[PDB]
Amino acid sequence: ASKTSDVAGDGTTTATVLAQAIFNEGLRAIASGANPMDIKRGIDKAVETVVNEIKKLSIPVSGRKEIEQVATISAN
Amino acid sequence: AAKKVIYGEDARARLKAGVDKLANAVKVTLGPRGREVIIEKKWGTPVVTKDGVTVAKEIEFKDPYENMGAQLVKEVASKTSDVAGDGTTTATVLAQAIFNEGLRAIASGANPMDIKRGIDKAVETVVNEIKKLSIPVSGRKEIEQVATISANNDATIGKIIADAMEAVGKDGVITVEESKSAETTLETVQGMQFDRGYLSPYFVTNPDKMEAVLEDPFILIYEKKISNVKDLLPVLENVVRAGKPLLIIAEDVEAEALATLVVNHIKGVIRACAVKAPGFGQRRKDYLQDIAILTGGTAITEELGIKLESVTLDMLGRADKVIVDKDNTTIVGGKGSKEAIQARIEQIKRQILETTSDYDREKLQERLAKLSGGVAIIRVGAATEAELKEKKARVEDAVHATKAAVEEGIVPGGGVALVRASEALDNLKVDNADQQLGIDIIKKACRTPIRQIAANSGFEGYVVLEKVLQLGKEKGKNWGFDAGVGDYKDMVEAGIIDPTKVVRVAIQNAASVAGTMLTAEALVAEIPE
Amino acid sequence: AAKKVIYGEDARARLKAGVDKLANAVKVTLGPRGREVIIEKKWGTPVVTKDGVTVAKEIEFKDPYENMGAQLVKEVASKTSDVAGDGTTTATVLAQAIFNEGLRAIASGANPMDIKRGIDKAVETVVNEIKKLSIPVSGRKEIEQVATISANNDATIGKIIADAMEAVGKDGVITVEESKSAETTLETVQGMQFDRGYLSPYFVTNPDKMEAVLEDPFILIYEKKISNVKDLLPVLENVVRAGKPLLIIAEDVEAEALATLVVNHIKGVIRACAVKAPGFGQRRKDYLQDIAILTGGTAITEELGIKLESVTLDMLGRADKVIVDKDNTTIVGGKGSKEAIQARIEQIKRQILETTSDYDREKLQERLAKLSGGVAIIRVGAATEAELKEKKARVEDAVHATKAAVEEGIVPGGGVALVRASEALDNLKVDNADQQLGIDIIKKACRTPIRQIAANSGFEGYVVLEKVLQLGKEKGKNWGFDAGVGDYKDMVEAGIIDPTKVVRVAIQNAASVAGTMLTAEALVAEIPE
Ligand SMILES: Nc1ncnc2c1ncn2[C@@H]1O[C@H](COP(=O)(O)OP(=O)(O)NP(=O)(O)O)[C@@H](O)[C@H]1O
Ligand SMILES: Nc1ncnc2c1ncn2[C@@H]1O[C@H](COP(=O)(O)OP(=O)(O)NP(=O)(O)O)[C@@H](O)[C@H]1O
Ligand SMILES: [K+]
Ligand SMILES: [K+]
Ligand SMILES: [Mg+2]
Ligand SMILES: [Mg+2]
Ligand SMILES: [Mg+2]
């Protein structure tokens with residue numbers, strides 16, 4: 001949560017929710033006998049793919065319409 | 001009374017502690033070189049055992065909830081011996097392994113219901129692999145080996161059982177007796193054993209199994225249904241006056257008054273028995289009249305002129321011992337002259353060629369074997385009552401286990417069978433992740449008994465297990481670890497083999513109780529004091 | 001004795017803890033795949049059950065105030081089974097849901113009296129929807145399905161009940177018996193059923209459900225009022241000498257002395273019972289004389305010249321068993337010759353034409369139906385006597401539950417019926433805010449049993465509930481979740497159906513006890529020394 005706030009200023013609750021999900025599912029895999037170091041290597045590969053996919057969905061801000069929409073959503 | 005209820009994870013925590021305390025005491029005695037367990041005997045010297053069954057008999061805990069787990073595993077493990085004659089300690093070891101690993105998976109968030117489905121599927125695959133691996137018993141060589149291994153690796157009982165088995169036949173009848181003589185011997189006393197039930201459950205004499213056993217009894221045999229009680233009272237009273245028991249052989253008895261009155265009048269004293277007829281048809285008389293003349297008695301009916309008003313204690317059939325089961329009856333010995341009895345056997349010898357019914361020809365040549373070969377009575381002998389008691393149940397379990405080997409086959413012992421069977425789980429696959437966990441639980445459990453045997457002997461369990469797995473491909477499926485001497489060899493050739501029913505029942509029984517306790521949600525017990 | 005009183009919120013806090021401890025132990029066994037509950041049996045192996053009724057019977061707490069809540073819910077839940085056969089666990093689950101949510105609303109400041117008014121109003125709407133959703137039973141298909149679900153999903157018991165139902169008719173009388181045989185069979189005995197009960201309350205015997213049972217009784221038939229006991233004594237003393245109980249069928253007994261001398265004079269012996277003469281009008285004798293000859297006897301009257309001081313026991317009627325309810329009486333079957341009895345049926349068959357009045361002609365061809373169809377005796381067998389007690393209770397309840405289905409209809413099982421009924425509460429509206437809270441309490445409660453069934457089988461309760469709500473309009477009202485196999489299907493076609501009496505009574509009973517405890521203001525109990 002601290003790093004997310006420093007870098008982006010928003011999404012700290014989403015980052016915390018994501019972190020718990022990765023850790024909880026990782027423990028289940030490790031309890032089945034998986035190698036902890038290989039799981040981390042697999043996680044790193046998946047995040048690289050996921051970040052690439054997100055940039056594909058990214059649409060540049062055209063003007064005031066998206067600026068108002070982003071501000072409204074982030075302000076609850 | 002007031003009761004305390006424990007729910008959820010706390011309930012299974014109580015069970016795990018109770019099962020562990022039971023298993024940790026018993027598993028140290030597994031194998032041929034099990035460690036010693038010392039049991040207190042009040043006002044006596046402590047007893048040192050490596051038996052496992054003896055250890056499990058004394059185990060009982062103060063905590064009612066921990067006692068719940070111990071008794072549940074004890075009963076299920078005891079049922080393994082009641083069906084197969086062996087495997088009580090192995091079933092307990094397997095039960096702890098499945099339960100402990102099952103709780104670990106649930107603690108990680110796995111679905112308990114899906115784990116049981118994986119366990120059920122894995123057990124089915126393991127049982128099928130055991131069926132493929134087992135080989136039928138061929139002769140005296142394997143029967144002696146099974147009896148020796150079923151006992152505590154004592155070849156004396158193994159030889160006696162093998163001799164007794166080959167005497168009465170591969171599927172005959174064996175019984176165990178005792179004497180004050182230090183030596184033990186096998187006597188082929190003539191008798192028979194057929195699947196006949198008894199007329200009323202009220203003939204219980206001594207066994208808690210609601211069965212009946214008789215010593216030096218007098219046999220009444222009838223070709224038709226039981227007559228009135230007043231016709232039997234001159235026999236019921238005078239023979240009791242004479243100080244000997246009685247039993248009545250007849251087709252049927254009325255349960256309204258005849259069944260109740262006969263036992264009620266004799267309930268306060270030695271009591272008597274009554275049994276049914278074998279098979280069906282008029283050829284019952286072929287068995288009935290022979291047993292009447294082979295035991296020195298007569299078959300009584302008013303159509304033969306034997307009036308019930310003038311019954312005399314001398315028409316009774318006489319034999320050495322009679323044992324009545326729930327569905328079977330066996331009679332040992334006979335007080336008549338053996339030459340005339342064997343002369344009356346010639347009728348059965350001629351009945352081989354003269355009878356025209358297949359249903360009796362199927363039981364023919366068995367009416368001879370139990371008589372001509374004699375019902376095998378093992379006369380166990382020991383120098384002390386304590387040793388006599390120990391060896392007495394020791395022989396019957398070995399006899400029962402040997403019969404189980406004939407019925408279903410033999411498999412390499414020392415836990416090799418479960419190791420080989422667990423290799424099939426390496427390729428069994430399911431679409432559910434939690435069910436896969438259940439499969440891996442059984443694979444780990446199947447490889448525990450071999451590790452415990454190696455550990456008890458003084459070797460590292462995982463090192464032994466790895467080499468046994470390697471020898472499965474390098475040498476063969478039957479190669480394993482000989483804990484008696486400490487080297488790897490072919491277990492079947494060495495004679496270290498187990499009945500395949502023992503391995504099959506133990507894993508099935510252990511998985512059933514473990515699965516039951518894995519989904520237990522509440523424990524209800526009274527508050528102490 | 002000195003007593004301690006608890007007032008206000010503290011009193012309801014005690015009740016909530018007691019109800020929760022009862023419900024949490026029982027609700028885990030709800031559904032076809034309920035979890036295991038392990039019950040201590042002192043000097044025995046612990047008992048493992050998924051029954052719920054068995055668990056509830058054993059629950060009792062040390063704290064007198066927490067025990068108050070457990071016993072109150074237990075009695076109300078037990079009355080559901082006593083009236084509709086099934087539903088004991090469901091009523092307990094509903095009671096906890098209503099009580100817990102009711103306490104939450106009160107803790108927020110809502111008026112408890114207005115909450116109760118909302119609860120009663122909401123229950124009435126739910127009950128009406130249940131009746132609207134039910135469909136009448138049409139034939140053997142639904143009868144067999146209901147009996148199977150009422151039992152532990154065992155088709156063997158369902159088939160026997162279905163066969164017994166069609167043999168005797170849907171309005172006959174059925175009873176459960178046992179024998180030594182392990183297998184279970186159906187016996188159609190030459191019996192009959194009537195609609196008049198006992199004459200005195202002291203005749204009620206031992207059984208917990210207060211249904212008096214008599215074994216091997218003799219029958220006396222009177223055409224008028226009973227005479228003095230001095231005439232009865234020669235019969236009574238001789239019948240006592242015969243060693244069997246005696247039954248008197250007559251019109252009335254004088255209450256001044258006879259109503260006490262009839263019972264008091266025999267309280268120290270085998271005892272006897274008397275039953276009202278059934279029927280009306282002159283056909284009473286036809287109801288008596290025909291039945292007397294069906295039971296192998298004829299009527300007796302002092303004024304007819306047959307003095308009771310001279311009657312003979314062979315002249316009296318005899319039957320296998322006689323069963324009498326508070327408002328009804330039945331005879332299992334006469335001990336006379338069946339051929340003559342079936343010949344005597346013509347005398348009742350001729351009553352279709354040889355009798356004029358139509359008042360009992362409605363009961364005619366039903367007395368024939370009670371004769372031609374007999375009375376069904378379910379001979380239950382089990383591997384052991386302890387298991388016989390378990391099986392006998394379930395079969396009797398399944399018969400009772402099946403009869404409830406005929407009376408009122410059937411609804412889709414698995415809690416779907418309550419889910420469908422709860423949807424009407426979405427449009428029910430009231431002008432009081434607190435009464436609206438009571439309505440929403442019932443809506444939440446009605447959707448709890450389906451979630452518990454899904455949770456026990458290993459699925460998320462709210463996910464299952466949400467999809468069942470969706471399938472209510474995508475597919476139909478009868479669509480629900482099958483817990484035996486985890487997929488959604490039409491419940492009525494699948495045979496997963498419940499008697500609509502069970503669902504109706506359970507919600508009505510649960511709301512009554514919950515409403516009682518919501519406004520309880522004081523608890524009075526003795527100080528435990
Ligand atoms: N020489 C041996 N080397 C290796 N394993 C052996 C040897 N002799 C016996 N075994 C195995 O050890 C086990 C028997 O030990 P035992 O302590 O009798 O176990 P159990 O039969 O489960 N318990 P019980 O009911 O008391 O006989 C079996 O798996 C045998 O196959
Ligand atoms: N295969 C099934 N799938 C879904 N629900 C089922 C199934 N079989 C039965 N049910 C439902 O489960 C409930 C029966 O479970 P049970 O444990 O007998 O509850 P009860 O009848 O309230 N308790 P008891 O009095 O002990 O029988 C009913 O609501 C049935 O409709
Ligand atoms: K041992
Ligand atoms: K159940
Ligand atoms: Mg934000
Ligand atoms: Mg052994
Ligand atoms: Mg039920």
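Reckoned from all heavy atoms, side chains included, excluding hydrogens, waters and symmetry mates. Just so we're on the same page: letters track the sequence lines, and every chain starts at 1. For ligands, and for the atoms within them, numbers begin at 1 and follow the listed sequence.
Between the side chains of B/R447 and B/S422, at least one donor-acceptor pair of N or O atoms lies under 3.5 Å. Remark: the B/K467 side chain and the B/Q470 side chain contain no N/O donor-acceptor pair separated by less than 3.5 Å. No side-chain donor-acceptor contact under 3.5 Å links B/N128 and B/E124.
Between B/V213 and B/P207, the shortest heavy-atom distance links the atoms CG2-CG, 4.1 Å.
Of the inter-residue distances, the one linking B/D195 atom CG with B/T330 atom OG1 reads 12.0 Å to the nearest 0.5 angstrom. A distance of 8.5 Å separates CD1 of B/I442 from CG of B/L94, quoted to the nearest 0.5 Å. Between the NZ atom in B/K57 and the OG1 atom in B/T88 there is a gap of 8.5 Å [rounded to 0.5 Å].
Less than 3.4 Å away from the K ion (ligand 3), the protein contributes these N/O/S atoms: B/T29 O, B/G31 O, B/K50 O. Protein N/O/S atoms closer than 2.8 Å to the Mg ion (ligand 5): A/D10 OD1.
The ring-ring contact (aromatic ring centres under 6.0 Å, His included) check on B/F481 picks up B/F459, B/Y488, with sequence neighbours excluded.
Residue pairs meeting the side chain to side chain donor-acceptor pair (under 3.5 Å) criterion with at least one partner in residues 15-34 of chain B, sequence neighbours excluded, are B/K16-B/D20, B/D20-B/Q96, B/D20-B/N100, B/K21-B/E66, B/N24-B/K27, B/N24-B/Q96.
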